[PDB]
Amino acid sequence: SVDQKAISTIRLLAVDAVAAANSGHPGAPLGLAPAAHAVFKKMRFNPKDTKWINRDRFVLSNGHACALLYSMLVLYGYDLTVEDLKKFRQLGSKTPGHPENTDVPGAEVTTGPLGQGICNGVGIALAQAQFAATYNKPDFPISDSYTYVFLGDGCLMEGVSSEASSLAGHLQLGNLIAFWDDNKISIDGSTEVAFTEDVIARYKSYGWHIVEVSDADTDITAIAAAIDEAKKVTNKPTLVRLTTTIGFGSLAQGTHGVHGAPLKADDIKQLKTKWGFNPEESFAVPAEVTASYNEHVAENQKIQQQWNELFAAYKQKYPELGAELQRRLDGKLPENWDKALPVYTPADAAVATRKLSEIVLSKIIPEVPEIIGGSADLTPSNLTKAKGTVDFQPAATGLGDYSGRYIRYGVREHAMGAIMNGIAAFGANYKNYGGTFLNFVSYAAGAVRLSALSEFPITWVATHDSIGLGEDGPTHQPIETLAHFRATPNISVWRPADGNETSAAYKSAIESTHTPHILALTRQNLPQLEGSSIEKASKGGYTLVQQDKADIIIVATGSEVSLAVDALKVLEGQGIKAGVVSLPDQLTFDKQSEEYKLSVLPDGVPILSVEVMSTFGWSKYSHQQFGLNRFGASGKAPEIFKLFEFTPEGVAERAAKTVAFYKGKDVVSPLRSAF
């Protein structure tokens, strides 16, 4: 049949791609080709419009199997060709060894790090439910799409998927349909060696619906029926158990050897002949298969055409919502939304930057409907919920509604991070955030790094940033955390000092389209600074206190800017003139012009950095660094600052030593380099 020919075509494209690269993973593509064929036949999508907002989404959580995904995209006429398949895993190609959303048309997210994709799918489904609740009206199903996810045993072993699956079941996300590749093989061999849990029983315990397909090597009728069944269960996410043979068809099927290396050439020959293909030919695409797939594309394009007319009619019937929806689909924030950002003067009271963050959110959430977010069980500590908003919950619970804007993530930082990536991936201009203590953003590093690589504008509201949190002690106090994330490409790490800087940090975070943000915020109160503004802080780094005859410039962030200002006064009594630079985001600063940066960190003057955590990175901006390179302590915060000499006098002492160290020396800006 044509369906059988399509499945063979998919299998052999994937195998041939791996063969050409002499690298990659043929096993899961061989095992999952029937399911991929069946799922894509049920999906609504336009290969010529990858951003249609009512498309079904597909996520390959077992991203090593990407030769399968690329084969589907090629067969369906996405902007990816057989010539691209021939360049699988080759430098600069459109077919990298794991799928990257920035590079691969039809890759919704970046997968390969196990466990992430299923969580991303939870986030796509969460966003779809919130979006539909916000916009759908009687006779106007603006959003009614599904989220289909493939995942393997490795994803099921990774704790992040447990977190997201518990939460998805709680949230009754009925438009999520996941498929477990139940092939009983991982890299170390049989799953009997390490993974003997009853997966199905676990998923039932989360409140998921289950469908089992006992012969997923051949039974596409049952896979299609499983999808139909899942669609009828509107209040539970569904897990479809696909019992497959890894490497189905290979001489080496059902073995770990078929997981992650190219097949032998003789094996590929016998695959081709058993399935009616020419063993002398590679990258065959039978015209029957193209025709069948094209029929499905044409039908999907007519569905999108009708959706476009539905949307036009929606804009007439619901003028205000229609304009809002249009704006969001155009990727534009509300005009002058930023006029809602709070502004402060030096006469205003001292405030913790966690509380300043609460106040920002309180003002901007009503102004910008595409902002949603939550906390990982730290809502009253991170201060991440705007008073008067409703939680995102299924209405059946009585605890919220899908139109809600505040997500109770529970104690699930890693899944929160990956779910945020999924919400961003949904599109529609979602600007979403997640709160935890800065030290526990580290629990989510797997996902955070992918926010950066995937270029998603997600935001971490990361409070309790330092030893300033006090008594909870060294298990809670960041040391390495900012260095880690600043050393990751494409992460803005804002550490605002005061009210105006906190508003600049949010302006950046919400306006972002390609760069994730971490906002490092304080437990303790900080004064409003003389010289701060949204305008200046928006440059990432700026001259707070200009001193034309400076003996030294002190560069600082966050809670240490006020400390630097106080140290300036101590230094004046010692006959030393200091300037102060505030550096609320190193990435934003780095992106400014060379001349702007040199106006902040000029030649001819020693520069001392002050920040109460690792000194790593700080030599980019300073000659000497005063930081904290040991773990913290459990005590009242001011006593910890005193212990480590982060006091006006301690900073002044190190500033005076720095001035003395450079006496008789020629000093150029830390911004200078040899190459």
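Numbering starts at 1 and runs along the sequence shown. What we label the rigid core is the largest C-alpha set whose atoms superpose within 1.5 Å from one form to the other.
K.L.:
Quick one: with the core lined up, is it 243 to 251 or 378 to 386 that wanders further in 7 other deposited structures of this protein, going by C-alpha RMS?
P.N.:
Farther on average in 7 other deposited structures of this protein: 378 to 386.
K.L.:
Name the higher of the two by mean Cα B-factor in the PDB entry, 241 to 249 versus 329 to 337.
P.N.:
Stretch with the greater average CA B-factor: 329 to 337.
K.L.:
Do the CA atoms of 445 to 453 or those of 100 to 108 have the higher mean B-factor in the entry?
P.N.:
Comparing 445 to 453 with 100 to 108, the higher mean C-alpha B-factor belongs to 100 to 108.
K.L.:
So among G541, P279, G417, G174, who wins on Cα B-factor in the entry?
P.N.:
Checking the PDB record, the top C-alpha B-factor among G541, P279, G417, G174 is at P279.
K.L.:
Between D219, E158, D498, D472, which one tops the list for Cα B-factor in this entry?
P.N.:
Max CA B-factor in the entry, restricted to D219, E158, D498, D472: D219.
K.L.:
Based on the entry's values, in what third of the chain does the Cα temperature factor of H464 lie: lowest, middle or highest?
P.N.:
CA B-factor rank for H464: lowest third.
K.L.:
What third of its chain's C-alpha B-factors does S71 belong to: lowest, middle or highest?
P.N.:
For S71, the deposited C-alpha B-factor lands in the lowest third.
K.L.:
Quick check on the deposited entry: does the C-alpha B-factor of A19 sit in the lowest, middle or highest third of its chain?
P.N.:
Answer is middle: the recorded C-alpha B-factor places it there.
K.L.:
What third of its chain's C-alpha B-factors does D198 belong to: lowest, middle or highest?
P.N.:
For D198, the deposited C-alpha B-factor lands in the middle third.
K.L.:
For the chain shown, is the CA B-factor of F58 in the lowest, middle or highest third of its modelled residues?
P.N.:
According to the entry, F58 has a C-alpha B-factor in the chain's lowest third.
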